[PDB]
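First comes the structure, then the notes that go with it.
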Amino acid sequence: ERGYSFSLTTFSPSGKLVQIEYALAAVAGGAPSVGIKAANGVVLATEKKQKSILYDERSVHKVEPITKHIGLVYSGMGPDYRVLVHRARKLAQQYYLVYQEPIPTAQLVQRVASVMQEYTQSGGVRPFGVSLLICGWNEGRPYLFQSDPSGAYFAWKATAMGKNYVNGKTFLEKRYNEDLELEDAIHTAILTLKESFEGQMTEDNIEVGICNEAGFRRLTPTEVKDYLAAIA
Amino acid sequence: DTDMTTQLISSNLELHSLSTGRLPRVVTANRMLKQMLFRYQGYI
Amino acid sequence: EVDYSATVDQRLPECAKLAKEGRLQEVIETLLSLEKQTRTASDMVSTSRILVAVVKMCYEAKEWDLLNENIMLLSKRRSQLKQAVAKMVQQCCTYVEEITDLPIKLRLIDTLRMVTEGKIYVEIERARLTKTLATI
Amino acid sequence: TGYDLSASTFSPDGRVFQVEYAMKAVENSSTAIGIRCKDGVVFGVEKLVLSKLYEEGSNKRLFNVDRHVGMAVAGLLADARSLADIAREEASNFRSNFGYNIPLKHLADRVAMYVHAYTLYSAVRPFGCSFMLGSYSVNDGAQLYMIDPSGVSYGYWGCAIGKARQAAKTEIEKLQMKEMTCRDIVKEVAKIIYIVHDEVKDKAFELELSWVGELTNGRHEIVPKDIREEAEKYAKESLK
Amino acid sequence: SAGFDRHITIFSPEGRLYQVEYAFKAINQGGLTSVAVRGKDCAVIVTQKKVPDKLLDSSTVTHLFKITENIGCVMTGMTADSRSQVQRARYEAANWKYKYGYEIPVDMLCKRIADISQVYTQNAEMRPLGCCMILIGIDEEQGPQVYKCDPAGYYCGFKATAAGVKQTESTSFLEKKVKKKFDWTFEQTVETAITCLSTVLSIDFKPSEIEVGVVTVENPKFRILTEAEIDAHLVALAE
Amino acid sequence: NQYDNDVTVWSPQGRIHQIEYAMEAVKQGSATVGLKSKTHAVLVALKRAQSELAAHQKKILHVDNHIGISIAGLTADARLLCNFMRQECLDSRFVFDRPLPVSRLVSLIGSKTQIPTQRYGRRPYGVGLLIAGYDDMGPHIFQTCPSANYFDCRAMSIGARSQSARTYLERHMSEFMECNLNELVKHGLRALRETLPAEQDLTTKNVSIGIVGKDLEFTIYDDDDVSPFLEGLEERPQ
């Protein structure tokens, strides 16, 4: 049914929105990223491997903060990631202005998923070709979610998106335990990326952020190097 | 009036700082506050 | 295109005599100025004549250090014309064999080989230079 | 084909084919040349009189954008008139917002943006005319600019647009335009226009001259009849 | 496969946006090449200046644009789209300065231009501008900064980069260069840029065939080198 | 070919085919002629009747006391354009208290009709206008084409079978300036009759005349009013 793979507002005779699936394929063809939730928090790691030394590694950061206690990594198109980051930050600020309390992770994920859905309900606009892995800490509990171009959001305990996501999931369910800690989480996420990382993990080739009780913080390259040395 | 103005300015500056990853400047806060207050013609 | 053959034709002997006196310096300086004018003027014949004349003065004066430095500089000039460099290196490799002192010949041949390194138009001259170095 | 219907579509090799079609539509128009002399700019436009029923000066391709700016449009005539209106509005807005005559470089830039904005959307087509903007002032000298349907604009010392752009450019490069005042550049332009005109294909034609320079105090005006007749006589005298 | 390449909002079955790739191909349609090198305390851009006509006013042929007194840019691709993006960047810089008091970082200039490009990519209203922008600026507490912005909306900082027809070869030459640790002086930076362009073009580089823009920590003002300075740099390079 | 469906699409030959089809739409209308002397502007149109007893369609429209037009093309576009220029003339008379010069009105017409030829959504105005008007710069006979290109014509003819009228005007152009009103109207009638087939002749029921002069406002003569101009016309040779 190739005749129904162009319109975003046309159901196929089998009732499938093909363009959303193509956006998800674009997501799966992105840079590998992993996100795992341990009893102490959440860890989001991603492969920031440049095409050459010329690219400035510290110029753009893949793992980005939304609030003091919410972080968010991605897999898929790059430019759409910045738009989603800006909309997530704006939604967090609006929620803070309305309620004076930092936005709960679930509510921010819901609003971001709605924002991504807004780009899938009309022709002439393209769905966000990126999938977001969002970490947050509220009420003494870690929260990890995955928002999709379809607007569907789930509550992943531990997952991997991007290239070789099947390999990342297969590596998980083995090295993942629900009673781990943030350090063990960091180690497991780094190993999971190693299952899909081509080349040496230079401290500038990997970006890791931790969503713990103190909030969300992206690891400095020194800590990434220390964890890589502890792993390798 | 002052509470809501300060809260909105703080939220805008938090968004700005998150977009820049650098410490916000006092000049930016003064500018945003002055334009917001001038737009309302001193009614805040 | 601007051409300097008429000027250089009378220039070369009137500086050749003063170079034969021995002080050089000024001779090579004015020859460098005319070489710059000709090279920017696309004067392959005049640049070649200037290069041949200056290397000839260096060879007659036995200023081996100055000869090597001049070879380096002239071969490294900005967009130096290929024909002029070829004629200059031809004169230098002709001068190579009559050199008797081993270190002087070694320095000259090494300079010639390195200025001709990776150059298409002087491939056979560099081959002969390498053969001479291997024989030495 | 397929990548050719809209100006918003990029061909696989990376070019907007609608823009190129507009360029070669301009290529089919009658030649019009512009030469900046030492102290001014002279525009010479050949105008093919399609029917004898037209009055003299009808469909004039010399347009006065401002008091000091003249245009030498070539291509689709309606698009040329619309672009002339746009340029006049831009100059008037600049005058009303800044209080002084708009510099010709800035005016050319703004009209170039207006032209380029029509080569992005599928709702509108690129402009089908390419024009010349010429001006002179005591503080900026003499300036000439050329804008194509693509919207690309930079200053030229002397140029032609239309059918015989290359043929007129060969005869333009052989003038030391940096030196002579436009008083003689007028007859030189007339001679160039008469040479590039193809009498066996374009049938009759009318040559319209205009100039802006120190001799004109800085205002862009049509060349008076006496100088036009003198330039036409000079051009005709060069039959051999 | 290639039947999905007529609207920028249509995802291919492989998840590829073909119109953006076609804009990337249109980047090379300008026929020129630009190289930017970030030194220890300076940034330098050099672009091909091809004036294939004695009638053009060589002053206005420039591909170097001053977005702001401290932020300079070099454009590659279609001239009209590049000038449009230049004016958009200038307006964005002016808006940033007016709304926040201080001068916009080059970081934000490229970020905002990339955001506009992405918005054009996601909403099928305007054709993406097939012009690549390279911005140089002395950002305080970070030294010189060089950034590249593409039609896709992907902005990235670079120690050294290039754009145009000879982009792969120039990037490879720079990659060979920035690897051997060296004192990246201002003269050394200009030397690296000119050597990159000459090696990838095999051109003697008369001073009128290239344009060089320079920003330095000593004077954080975007300066375009005069032809005499270009000649001096070239003759220094040759020897 | 595939570039023939939109006015927004450039052909690879550099043509806008919808523009040319809009031009073709002009010749669907009946022939009309306009010509100016040194003192008067006169336009004569051949009216078409759809039935033997139905009235002949109005071909010359009244715009302002000094401007009147003849239409050749789509009736809808002709009516819309006529309304637009009536509004423009009324606005000019309301603001400046001065009749709108014909040249400025024709420039406005061209600017208005160029918009459909560049922006998709509305077809080009498929009507040619013969605008006859007197202003302080002498009488004027402009012609406006659907491609928004307007020509200041000494004497023009548009519509079906109008090439013969154009040849007649080209041949007799030299005499138009030094002609009185009646001589000019007779020349216009001869030009109109040149378009007619052999069997047809200019009767009072199918000819409309419009005259705007030095001391005469734009007056339209139909039916019996045509007879004073019709009488005395030399019979066509046969």
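Cβ placement follows ideal geometry from the backbone for every residue including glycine, while neighbour counts extend to all protein chains displayed. Read-outs: derived from the displayed coordinates by stated rules, not from any lab.
Pick from E:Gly153, E:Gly143, E:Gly213: which is most flexible by mean-square fluctuation in a GNM of chain E where alpha carbon atoms under 10 Å apart are linked?
Fluctuation is largest for E:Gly143.
Could you tell me which residue out of C:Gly118, C:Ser46, C:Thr94 lies farthest along the dipole of chain C toward its positive end? Charges go on the beta carbon: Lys and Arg +1, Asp and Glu -1, centred on the Cα centre.
My answer, from the dipole projection, is C:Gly118.
How about D:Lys24: which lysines have a C-alpha closer than 16 Å to its C-alpha, ignoring those fewer than 8 places off in the same chain?
Qualifying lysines at Cα under 16 Å: D:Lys163.
When only alpha-carbon atoms count, how far does region F:1-234 stretch along each of its three principal axes, as whole angstroms with the largest first?
54, 49, 38
Compute the Rg/Rh shape ratio of chain E: radius of gyration over Kirkwood radius, all on alpha-carbon atoms.
Computed over Cα atoms, the ratio is 0.98.
Which links in A:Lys51/E:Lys66; E:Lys177/E:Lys221; A:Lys51/E:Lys177 stretch past 24 Å when you go from one Cα to the other?
A:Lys51/E:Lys66; E:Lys177/E:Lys221
From the backbone phi of region A:67-79, what are the Karplus-calculated ³J(HN,Hα) couplings (6.51 cos²θ - 1.76 cosθ + 1.60, θ = phi - 60°) in whole Hz, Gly and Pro given as x?
Running phi through 6.51 cos²θ - 1.76 cosθ + 1.60 with θ = phi - 60° gives 10, 5, 10, 10, x, 6, 10, 8, 9, x, 5, x, x Hz.
Which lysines, if any, have their Cα less than 23 Å from the Cα of A:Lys90, not counting same-chain residues under 8 positions apart?
The reachable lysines, counting only those whose Cα sits under 23 Å from A:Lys90, are A:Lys62, A:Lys68, B:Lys34, E:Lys97, E:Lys99, E:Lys111.
Taking each residue of E:147-154 in turn, how many C-beta atoms of other protein chains fall within 10 Å of its C-beta, and what is the average?
Across E:147-154, the average partner-chain Cβ count within 10 Å equals 3.
Calculate the translational D of region D:94-240 in whole µm² s⁻¹ from Stokes-Einstein, where the hydrodynamic radius comes from the Kirkwood formula applied to all Cα pairs, the temperature is 4 °C and the viscosity 1.567 mPa s.
Estimated via Stokes-Einstein, D reaches 75 µm²/s.
Rounded to whole Hz and in sequence order, give me ³J(HN,Hα) for region D:86-103 from the Karplus expression 6.51 cos²θ - 1.76 cosθ + 1.60, θ = phi - 60°, writing x for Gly and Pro.
With coefficients 6.51, -1.76 and 1.60, one gets 5, 5, 4, 5, 5, 5, 5, 5, 4, 5, 6, 9, 10, x, 9, 4, 5, x Hz.
Can you list the HN-Hα couplings for region C:3-15, worked out from phi with the Karplus curve (6.51, -1.76, 1.60; θ = phi - 60°), rounded to whole Hz and with x for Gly and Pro?
6, 9, 4, 5, 5, 5, 4, 8, 5, 4, x, 5, 9
Taking region A:2-231, how much of its Cα-Cα pair set, in percent, is spaced more than 27 angstrom apart?
The answer is 32 percent, as a whole percent.
Taking the Cα centre of region F:1-234 as origin and charging only Cβ (+1 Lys, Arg; -1 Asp, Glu), how large is the dipole, in debye to the nearest 20?
640 debye
More than 56 angstrom separation, counting every C-alpha pair in the protein assembly as shown; what % is that?
Of all Cα-Cα pairs in the protein assembly as shown, 37 percent lie more than 56 Å apart.
What percent does the relative contact order of chain E come to when contacts are Cα pairs within less than 8 Å and at least six residues apart?
28 percent
Hey, any idea what the orientation-averaged projected area of the convex hull of region D:164-240's Cα atoms comes to, in nm²?
Computed as one quarter of the Cα hull surface, the answer is 5.7 nm².
Please work out whether chain C counts as rounded, prolate or oblate from its C-alpha gyration tensor, where a ≥ b ≥ c are the square roots of the eigenvalues and a/c under 1.5 means rounded, while otherwise a/b larger than b/c means prolate and anything else oblate?
Oblate.
Using Cα atoms only, what is the angle between the long axis of helix F:75-95 and the major principal axis of chain F, expressed in degrees (0 to 90) to the nearest 10?
80 degrees
What's the magnitude of the charge dipole for region D:1-238 around its Cα centre, counting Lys and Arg as +1 and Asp and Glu as -1 at the beta-carbon? Answer in Debye, nearest 20.
80 debye
Using every Cα-Cα pair within region F:1-103, state what percent have a distance larger than 15 Å.
73 percent
Evaluate Rg over Rh across region D:70-115, taking Cα atoms for both radii and Kirkwood's formula for Rh.
For region D:70-115, the value is 0.99.
Treating the beta-carbon of each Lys and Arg as +1 and of each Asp and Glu as -1, no other charges, what is the dipole magnitude of region A:58-125 about its Cα centre, to the nearest 20 debye?
220 debye
Once you have the Kirkwood Rh of region F:149-214 from its Cα pairs, apply Stokes-Einstein at 4 °C and 1.567 mPa s and quote D in µm²/s.
The calculation lands on 100 µm²/s.
Considering only E:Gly39, E:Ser172, E:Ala228, whose Cα is most displaced toward the positive end of the charge dipole of chain E, charges sitting on Cβ of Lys, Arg (+1) and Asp, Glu (-1)?
E:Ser172
Of the options F:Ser162, A:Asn164, B:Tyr43, report the single residue whose Cα projects farthest towards the positive end of the charge dipole of the protein assembly as shown (beta-carbon charges: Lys, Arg +1; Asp, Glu -1).
So the residue furthest toward the plus end is A:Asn164.
Suppose we take every Cα in region F:108-238 and form the convex hull; what volume per residue is that in Å³?
Value for region F:108-238: 140 Å³ per residue.
Given the -39500 (n - 2.57) contribution per DSSP H run of 4+ residues, what per-residue ellipticity at 222 nm results for the protein assembly as shown, rounded to the nearest 500 deg cm²/dmol?
Dividing the helical sum by the residues of the protein assembly as shown leaves -13000 deg cm²/dmol.
Which pairs, out of A:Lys48/A:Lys174; C:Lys62/C:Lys131; C:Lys119/E:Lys180; C:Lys87/E:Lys180; C:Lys82/C:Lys105, put more than 27 Å between their alpha-carbon atoms?
As for pairs spanning more than 27 Å Cα to Cα, those are C:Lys87/E:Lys180.
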